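Colleague: once you've seen the sequence and the experimental structure below, I've got questions.
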Amino acid sequence: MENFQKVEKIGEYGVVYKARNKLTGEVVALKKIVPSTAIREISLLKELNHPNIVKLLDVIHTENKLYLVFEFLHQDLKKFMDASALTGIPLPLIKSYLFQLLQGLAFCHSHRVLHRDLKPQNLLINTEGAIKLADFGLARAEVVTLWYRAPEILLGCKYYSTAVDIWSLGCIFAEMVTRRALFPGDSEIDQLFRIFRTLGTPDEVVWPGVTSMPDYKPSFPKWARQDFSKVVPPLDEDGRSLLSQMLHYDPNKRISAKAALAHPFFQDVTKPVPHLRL
Ligand SMILES: CN(C)C[C@H](O)COc1ccc(Nc2cc(Nc3c(F)cccc3F)ncn2)cc1
């Protein structure tokens, strides 16, 4: 660590600082998290390189402590959304960001690597119009937000799939469009019930096997499903169609990142440059 000079606290899996490499002069994001199985899993992530994945530069395991050195980006999506709350992020930019994130997920998923905790706070953007996934697969290696958690996780599924990331991204997509969180639960049951109140309480018809999930209770209230025209206006039909497929209850019916990239919604995708105030 003597090789790094902290500049400021970027945020809080451990604290993260903006730091400078005393030798190279490189500015990076330093995350202070040591078990062995962890060292191995982390080492694998160092090879998981993609333009839409925040690059893990180095893994420093010294003094029985673990430090992760990441490429540095100046802003996260949460901050950009708050900064664009009065006017809303332009649809072309929303589409560009969604498309890029799906490319990133398609890559990770093709390597059987899941993110597991996607949220606006770990989606980083730069002046070039790029957006990148941060904190990827470290979940396998303050109050935690439940807003983007897939229903199968909330219902006790222990061996969930890549589908959980598609669900989280769908929630973020809706949030960019409406400028309000889709399912802002403040407890596990509030989160589950908010989802049920919007998409309808799941049953064996739409989700075979749901009534046998660990935390499923026959006593769950039965709410009717709401129309997406009401959930995310003024998203057009292509966008609503895609969102509906990203929010399918059955993880096996939920659209994959690869298939989502071919959805008609992206027929006119472009790469606009955002207006960033750094
Ligand atoms: C309260 N508010 C004023 C603070 C700012 O919004 C904070 O603004 C920010 C937000 C993000 C960055 N850049 C990062 C973060 C990161 N890792 C990383 C992450 F992105 C999320 C969680 C864990 C991580 F390790 N890796 C690389 N570059 C800088 C400044």
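Modeller: All right, it came through fine. Numbering: from 1, shown residues only.

Colleague: which of the residues in the strand or helix carrying residue 57 are buried?
Modeller: Here residue 57 sits within strand 56-62, counting by DSSP states H and E. For strand 56-62, the neighbour count (16 or more other Cβ atoms under 10 Å) marks 56-57, 59-61 as buried. (Each C-beta comes from the backbone N, C-alpha and C, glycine too.)

Colleague: ok, now stretch 239-252?
Modeller: Neighbour-count burial for stretch 239-252 [16+ other Cβ under 10 Å]: 239-240, 242-243, 245-249, 251.

Colleague: and the residues you listed as a markdown table, adding secondary structure?
Modeller: What follows is the buried residues of stretch 239-252, written out as a markdown table (DSSP: H, G, I helix; E, B strand; the rest coil):
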| residue | secondary structure |
| --- | --- |
| 239 | helix |
| 240 | helix |
| 242 | helix |
| 243 | helix |
| 245 | helix |
| 246 | helix |
| 247 | coil |
| 248 | coil |
| 249 | coil |
| 251 | coil |
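
Colleague: which one of those residues is nearest to the ligand?
Modeller: Set against the ligand, the nearest of the buried residues of stretch 239-252 by Cβ to the nearest ligand atom is residue 246 (22.1 Å).

Colleague: list the contacts of stretch 271-278.
Modeller: Stretch 271-278 has contacts (Cβ atoms under 8 Å, 6 or more residues apart in numbering) with 74-75, 80, 83, 89-90, 92-93, 96, 125-129.

Colleague: what subset of those residues is buried?
Modeller: Buried subset of those (neighbour count, 16+ other Cβ under 10 Å): 75, 80, 89, 93, 96, 125-126, 129.

Colleague: filter those residues to keep only those in contact with the ligand.
Modeller: Taking Cβ under 6 Å from any ligand atom as the test, the ligand is in contact with residue 75 out of the buried ones among the contacts of stretch 271-278.

Colleague: show me the buried ones among the contacts of stretch 271-278 that map onto helices.
Modeller: 80, 93, 96 (DSSP state H).

Colleague: tell me who's in contact with the first one.
Modeller: Under the criterion of Cβ under 8 Å, 6+ apart, the neighbours of residue 80 are 89, 125, 274, 276.
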